[PDB]
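Report on the structure
So you can see what is in the structure, the chains are spelled out below.
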Amino acid sequence: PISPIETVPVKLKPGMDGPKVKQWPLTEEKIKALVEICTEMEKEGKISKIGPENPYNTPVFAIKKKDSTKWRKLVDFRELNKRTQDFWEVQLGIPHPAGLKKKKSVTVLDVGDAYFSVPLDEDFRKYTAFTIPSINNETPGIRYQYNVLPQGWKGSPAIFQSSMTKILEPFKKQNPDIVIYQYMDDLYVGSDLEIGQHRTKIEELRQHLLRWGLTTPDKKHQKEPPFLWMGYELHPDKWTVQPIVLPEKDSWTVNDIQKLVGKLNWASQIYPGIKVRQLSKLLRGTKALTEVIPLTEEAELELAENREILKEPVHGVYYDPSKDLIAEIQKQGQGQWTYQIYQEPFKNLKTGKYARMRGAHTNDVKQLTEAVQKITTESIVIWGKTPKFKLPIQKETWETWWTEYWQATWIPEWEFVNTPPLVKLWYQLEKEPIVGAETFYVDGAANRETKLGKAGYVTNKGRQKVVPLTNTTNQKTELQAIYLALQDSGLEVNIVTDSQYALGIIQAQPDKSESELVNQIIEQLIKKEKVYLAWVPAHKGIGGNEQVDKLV
Amino acid sequence: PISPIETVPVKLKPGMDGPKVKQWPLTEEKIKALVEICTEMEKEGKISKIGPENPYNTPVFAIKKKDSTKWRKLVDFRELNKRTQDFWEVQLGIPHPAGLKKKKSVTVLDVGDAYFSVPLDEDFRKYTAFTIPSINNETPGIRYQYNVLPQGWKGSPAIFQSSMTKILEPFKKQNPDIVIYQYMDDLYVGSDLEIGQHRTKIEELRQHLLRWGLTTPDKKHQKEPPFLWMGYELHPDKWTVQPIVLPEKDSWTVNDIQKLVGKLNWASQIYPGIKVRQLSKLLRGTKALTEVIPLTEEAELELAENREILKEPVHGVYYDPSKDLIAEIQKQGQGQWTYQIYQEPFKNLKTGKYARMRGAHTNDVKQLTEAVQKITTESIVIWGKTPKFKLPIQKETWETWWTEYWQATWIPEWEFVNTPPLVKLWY
Ligand SMILES: N#Cc1ccc(NC(=S)NC(=N)Cc2c(Cl)cccc2Cl)cc1
Ligand SMILES: [Mg+2]
C-alpha cells in the first residue's frame, strides 16, 4: 500500500487552476467495472471519496484492449499535465553501455506499479479528482480523488524516481560495492557477489523496499540476459544492439529509407566500417513521406556492404577504469571516417563513424581532426576521460597544416599507424612567387541570366586564350580560368585570380570536393612543381588583371 | 555563516523562466573535485540538495585558480545572468570608473569568498540549482541549490555591493587616488605608484578586507622566486595601437606591389580615405610576378599619404553601452594572435595582439583561452564588461578544452567562425 515516504510538493503552472473535463457517460457495463476496481483502490488507500464541494474532474476510462482476466481503469490526464509544473527530466541522459563496467550477477526487479504507493503531495490531490458515473443518472457518480501518483500525471515518472532514489540511498551506502539503476518501470540491480550471494541482497533490497510501501513481485518478473534495454542487448559482460533487420524491397519511399538509414547508424555503435553516405544522400530531398525514391547505383552497392557487415553479428566489451583508452580512425574515402575504441586489441568497447556532412569543400587532415574530435567528446561523456589516439597520419603532415591553417585546433597525443590510406598533404602552394615562371593573368566572367560564360587568361609571355562556356555560373568560370591556366603551363606557374571564392577555396588546399571542376583543378595542382596563386580584387585591381578582365 | 541576514528579495524578469541549461559532461577528475567541494559547501550550509520539483539547472565546471594547489568550482551562470543580472544590471547595478584604465598599475584580487555569507532569497534559490554530472550518466546527477549568493551569478555582487563599499571605506579614506572596481567576483585596485609602493597599497588593502571579514587567497607566492611569481598586475597605460606593418624594404616587385594594393584596398571600409588606383596602375600591365616595378607620380606619394591616414585612428569610434562588445581573435603565426574588439564592423575599439611559448605548452587551444581571458580583462577594465568572441576554433574542440587553461572566475560569451579570409595578413 501507500508509504510513510515524504511527499514531494508539487504546484501547478503559474495561475493555472485544476482541470475540469467531463466523462462521456460510457458503457454502463464498464461503469461497475470501475466501481469494483476503484473500491479495491480506496481500500488499499490509493485514493479516496470527497464531498463534491470544490473539486475538478479528469476523464475517467475503463478498458482492457486485451483478451485477458480483467479490466484496467485508465484516467486520461492530458489536461492536468497541461497544468502541472515541469520536473527534472533525468532520463534525459541515457548511460551508453560501452562505458559500463563488467559485472557478475545482474538482476532486475519489477516496480511498474510502485508509484501507486509513493504518496502524492497531500495538497495536489484535489486535482486528481475524477468522476466514475452510475447506471444512468442513478447517482451523482462514485467520486474519488487520487492519493498517490496517478498513472498518467506529468510529475510522476519524476517524483517516483526521486522518492525511489532517496529510499535506496541508505541501502546503497551499506552495500557500497553493489549498484542499483532504474528505468521507468525497470529497476535493475547488478553486483559481484555470486548470483546466490546476489539473490540475498536483492531480497534484502526487496525487504528494504517493502519497508517503504514499495512492493515487488518476483513472478513473471525479468532476469533474461540478454536484457533488452533502450534498444540494446545487455549481458553481464558483453553488450550489443537490438536485432537490426534491414528491410528489402524494390520500391523505396522516404518513410522506409529513413528507418533504413537511421537503423544503420544505431548499428555503428559496434559494427565496424558501416557507411551511410550514398544511402542517405537520397533522403537528401524534400518532404515526401511517400515520394517514390528509387535507390541510385551507390545506394545499392552501399546498402550491400552494410549487410556484408551487419550480417556477421558483433559483441561489445566493457571499460576497465584501470586501463587507458585507445582509439583509431580509419578513412573510408568519401569523407567517411570510421573509428573504434579499445583497451584490448581483439574486442571492442564501442566503434563509430564520422562523415563531413558539412558544406562543399573539406580536407582529409581537417576531417581527421573533426573525427579525432567527435571521438574525444564521446569519451569524456562515456568514460570520463580522453582516449590515446592512434591515427593514420604523420606528425610532419599534421604539424604542417595546423601551423599553416588559420583555425586553431588541438589534438591530444597521437601515435602513428601506417594503415593506408595515408593521410597526407597532397600538395602545397608557394608562399612566394616563382621567379622566371610564366605568369597567367587569369579570369572568367559569366552571365548570371544567360548562364553563358567565358574563361581564359593572358601571360606576360604574351600568350592568350579564351574558351567558351555554356551552362555556367560565375564562380564556375572563375575556377575554369584557373584550371584553364594551370592547364596550358609549365611544371612551374604563377596564377593571378580576381576570384576570392576560387582563392579561399584553393588556399584551404582541399584534397577533394563535391564539384566536378574543383576536383580537376585539384589534380592539376597535384601534378605541378611550383604553384603560387595571387589575389587582385576584380574591378579596382584591373592592374595586370586588366587585359584578362576585358577579353571575357 | 552564523549570523543570519535579511535576504534581499530577487525577481527574475516577468515572463522569464529560470534557466534549464544542460550540464556539460566532465572528466572524473573534475567530478571527484566538485563532488568534494560541494559536500564541503553542504556542511557549511552554503548550499543544499533539492528535488524533482526543481526543474531548473545551470552548468558547473571545475578548474584550478592557483596552479594545481587544489581545484575550484566555477558555475557557468551565464544564463541565470541574462535572465537576472541584466535586470539586476540596474536594480542593483554596480557602476564602472572610466579612469581605472589609466592607473600606473591595476592589481586584481578576488573576493568571491565574501558573498558566501549573505543568505540568498528563499524563493530565488531554485534557479541557482546546479547539478554535478556523473560519468556515463550511470547515476542521477547530485542536485544542489544555493542558500547564499553563489559566485559566478552576477547578482551575488550587486547584493553584496552595500556591504563591500562599507568594508572598503576605511581605506578609501587613507589612500584616496586608489580606484576600486568590483566586477563580479574580483576587485580591481589601480594606482599610480612605483610598483613596490602600489604593491604595498594592495597588500595594505588585502590586509584590510582581511582584518574585517573578507579573505583574499591573493597570497601570490610565499617569499620565494624560481622564474614564476605572478600576481595579477595589469598596466592599462600601454593599452595601445598601430601595428599594421606596411612592408618597407625599398625594392618592390610586381608581386610585392600586388599584395600591397590589396591590403590597402582592404582597409577601404575601416578607412574610406585611401586610394590605390595610381599604385594599381603600376600593376596595369601583365608583368611577371618576380619583376621589379617603378614608383609613379601620385603613387609614390600615395604610398606616403595612404601610409599616413594609417596612423590617425578611425574617427566615429565611440563605445556604445547600448550595443554589445564583440571581439574577434585571429591565429596569426606561431605564438602571435592578433585581435580586435569592435561594436559595429570596421569601427574597431582596441587592436592589440598576443603571444605565448613554444616548447613550454606550445598550444593554440591554450593561447586562445588566454588571449580571451586577457582580451576580456582589457574590457572589464576598459569598458567594465566582458565581450563576446568570434573564436576561430571548432565549436566542439573549444567546447572541450577551455576549462583547462581557464583561470578566471567568469565565462564570457562566445561563438565560433568559419574562416577569416583577407584579415590574418592585415590586422
Ligand atoms: N545485464 C547487464 C549489465 C551490464 C553492465 C552493468 N554494469 C554497470 S557498471 N551498470 C550499472 N552499475 C548499473 C546498470 C545500468 Cl547502467 C543499466 C542497466 C542495468 C544496470 Cl544494473 C550492469 C548490468
Ligand atoms: Mg575579374
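Residues numbered from 1 in each chain as written, not as in the entry; some residues may be left out. Chains lettered and ligands numbered in written order. Heavy atoms only, no water.

Regarding how it was determined, this PDB entry cites X-ray crystallography in its header, along with a resolution of 2.90 Å.

1. Details of the site of ligand 1
Residue and element names in this part refer to chain A. The full set close to ligand 1 counts 13 residues, and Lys 101, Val 179, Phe 227, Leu 234 and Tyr 318 are the nearest of them. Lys 101 places a main-chain nitrogen or oxygen 3.0 Å from a nitrogen atom of ligand 1. Between ligand 1 and the protein, one listed contact pairs a nitrogen atom with a backbone N or O atom of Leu 234 at 3.2 Å. Protein coverage of the free-state accessible area of ligand 1, which is 520 Å², stands at 97%. Elements with a contribution of two residues or more to the shell around ligand 1: β7 (179–183) and β8 (186–191). (Near = heavy atom within 4 Å. Polar contact = N/O pair within 3.5 Å; in protein donor to acceptor, adjacent residues only side chain to side chain. Areas by Shrake-Rupley, 256 points an atom, 1.4 Å probe, with all protein chains shown as cover. Helix = DSSP H or I, 4+ residues; strand = E, 2+ residues; numbered from the N terminus.)

2. Concerning the pattern of salt bridges
Opposite charge on two side chains makes pairing possible when the charged atoms of those side chains draw close. All chains considered together, the criterion is met by 46 salt bridges over all chains. Of the charged contacts, one joins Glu 404 of chain B and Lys 30 of chain B as a salt bridge, the two residues approaching to 3.9 Å between their closest N and O atoms. Of the two residues, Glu 404 of chain B sits in the loop between α9 (395–401) and β13 (413–416) while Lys 30 of chain B sits in helix α1 (residues 28–43), which places them 374 residues apart along the sequence. According to the relative accessible area criterion, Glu 404 of chain B is partly exposed, its value standing at 34%. For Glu 233 of chain B, the salt bridge is made with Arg 199 of chain B, and the minimal N-O distance between the two is 3.0 Å. One end of the pair, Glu 233 of chain B, is in strand β9 (residues 233–234); the other, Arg 199 of chain B, is in helix α4 (residues 195–212), and 34 residues separate them in sequence. Residue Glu 233 of chain B is classed as partly exposed on the basis of its relative accessible area of 24%. In this structure, a network of salt bridges that share partners links the residues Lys 331, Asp 364, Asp 511 and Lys 512 of chain A. (Salt bridge = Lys/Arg side-chain N within 4 Å of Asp/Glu carboxyl O. Buried < 20%, exposed > 50% of the residue type's maximum accessible area, 1.4 Å probe, protein only.)

3. As for the domain arrangement of chain B
Residues and elements named next belong to chain B. Domain boundaries assigned for chain B yield domain 1 (9–98 + 124–164), domain 2 (99–123 + 165–233), domain 3 (234–319) and domain 4 (320–426). Across the contact, ten residues belong to domain 2 and four residues belong to domain 3. Between domain 2 and domain 3, a total of about 570 Å² is buried, with carbon and sulfur atoms accounting for 50% of that surface. In terms of surface lost to domain 3, no three residues of domain 2 exceed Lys 101, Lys 104 and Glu 233, which account for 50% of the buried area on that side. For the pair domain 2 and domain 3, the interface holds zero salt bridges. At the boundary of domain 2 and domain 3, one finds three residue pairs in polar contact. The residue makeup of the side of domain 2 that touches domain 3, split by class, is four nonpolar, one polar and five charged. (Domains from an automatic or database assignment. Contact = heavy atoms within 4.5 Å. Buried area = accessible area lost by both parts, 1.4 Å probe. Nonpolar A, V, L, I, M, F, W, Y, C, P; charged D, E, K, R; others polar.)

4. Description of the coordination of the magnesium ion (ligand 2)
Residue and element names in this part refer to chain A. Within the first shell, the magnesium ion (ligand 2) binds the protein through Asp 443 (OD), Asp 443 (OD), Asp 498 (OD) and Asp 549 (OD), at distances of 2.0 to 2.5 Å. In terms of primary sequence, the donors binding the magnesium ion (ligand 2) are separated according to D-x54-D-x50-D. With a gap of 51 residues between them, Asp 498 in the loop between β21 (492–497) and α11 (500–506) and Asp 549 in helix α12 (residues 545–551) connect regions that are remote in the sequence. Since its relative accessible area comes to 10%, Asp 498 is described here as buried. (Donors = N, O, S within 2.8 Å, 3.2 Å for Na, K, Ca; no water.)

5. Thoughts on helix α7 (residues 297–311) of chain A
One turn of an α-helix holds 3.6 residues; hence residues three or four places apart share an orientation. All names here are of chain A. The end-to-end C-alpha distance of α7 is 21 Å, a good match for the 21 Å that 15 residues give at a rise of 1.5 Å each. Within α7, burial applies to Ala 299, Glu 302, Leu 303, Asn 306, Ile 309 and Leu 310. Down the axis of α7, the smallest arc covering the buried residues is 115°, so these residues share one side. Summarising the geometry of α7, the exposed residues directed more than 90 degrees from the buried face are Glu 297, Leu 301, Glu 308 and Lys 311. In this structure, the buried residues of α7 make contact with α5 (254–266), α6 (277–280) and β13 (336–342). (Expected span 1.5 Å × (residues − 1). Arc of directions from axis to C-beta.)

6. Quick word on the interface of chain B and chain A
Where interface size is given, it is often the accessible area lost as the parts come together that is meant. Taken together, the contact pairs 50 residues of chain B with 61 residues of chain A. Interface of chain B and chain A: buried area, both sides summed, is about 4,900 Å²; carbon and sulfur atoms make up 55% of it. The largest share of the area that chain B buries against chain A comes from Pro 52, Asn 136 and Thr 286 of chain B, three residues that together contribute 14% of it. Joining chain B to chain A, the criterion identifies three salt bridges. A salt bridge links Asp 86 of chain A to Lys 20 of chain B; the nearest nitrogen and oxygen atoms lie 3.4 Å apart. Linking chain B to chain A there are 22 residue pairs in polar contact. When residues of the side of chain B that touches chain A are traced back to their parent elements, those giving at least two are α5 (254–266), α8 (364–383) and α9 of chain B. The greatest single-element share of the side of chain B that touches chain A, amounting to five residues, is contributed by α5 of chain B. Residue classes in the side of chain B that touches chain A are distributed as 18 nonpolar, 20 polar and twelve charged.

7. Some details on the sheet that holds strand β9 (residues 227–229) of chain A
All names here are of chain A. Read across the open sheet, the three strands follow the order β9-β10-β11; overall the sheet is antiparallel. Each having just a single partner strand, β9 and β11 (239–241) make up the two edges of the open sheet. Ignoring which end each strand starts from, the neighbouring axes of this sheet average 30° apart. Examined bridge by bridge, β9 and strand β10 (residues 232–234) share three bridges and lie antiparallel to one another. What sits directly across from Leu 228, in β10, is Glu 233. (Pairing = 2+ DSSP bridges. Axes fitted to C-alpha atoms, helices over the stretch in contact; angles between N-to-C directions.)

8. What to know about the domain arrangement of chain A
Segmenting chain A into domains produces domain 1 (1–90 + 116–156), domain 2 (91–115 + 157–225), domain 3 (226–319), domain 4 (320–426) and domain 5 (427–552). Just the C-alpha atoms count here: the centres of domain 3 of chain A and domain 5 of chain A sit 43 Å apart.

9. What to know about the side chain of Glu 302 of chain B
Residues and elements named next belong to chain B. Its location among the elements puts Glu 302 in helix α7 (residues 297–305). Here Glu 302 occupies a buried position and makes no salt bridge, while the nearest side chain of opposite charge, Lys 275, is found at 5.5 Å. Discounting residues that sit within four places of it in the chain, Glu 302 has contacts with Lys 275 and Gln 278. (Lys, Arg positive; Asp, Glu negative; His and termini not counted.)

10. What to know about the packing of aromatic side chains
Considering all chains together, one arrives at 43 aromatic pairs over all chains under this definition. By the ring-pair criterion, three or more aromatic residues cluster together here, those being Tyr 181, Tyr 183, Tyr 188, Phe 227, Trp 229, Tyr 232, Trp 239 and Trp 266 of chain A. Above the plane of the ring of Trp 88 of chain A lies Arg 143 of chain B, whose end atom (NZ or CZ) is 4.3 Å from the centre. (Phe/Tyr/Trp six-rings, centres within 6.5 Å; stacked < 30°, edge-to-face > 60°. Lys NZ or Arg CZ within 6 Å of the ring centre and 35° of its normal.)

11. A look at the environment of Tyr 427 of chain A
For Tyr 427 of chain A, the location among the structural elements is in the loop between β17 (414–416) and β18 (439–443). Spatially, the C-alpha atoms of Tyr 427 of chain A and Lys 353 of chain A are 27 Å apart, while their sequence positions differ by 74 residues.

12. What to know about a negative patch on the surface
The grouping of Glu 297, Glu 298, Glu 305, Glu 308 and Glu 312 of chain B at the surface amounts to a negative patch. By secondary structure assignment, the location of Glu 308 of chain B is in the loop between α7 and β10 (326–331). (Patch = residues over 30% accessible without salt bridge, like charges linked within 9 Å, V, L, I, M, F, W, Y side chains within 5 Å. Charge placed at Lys NZ, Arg CZ, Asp CG, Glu CD.)

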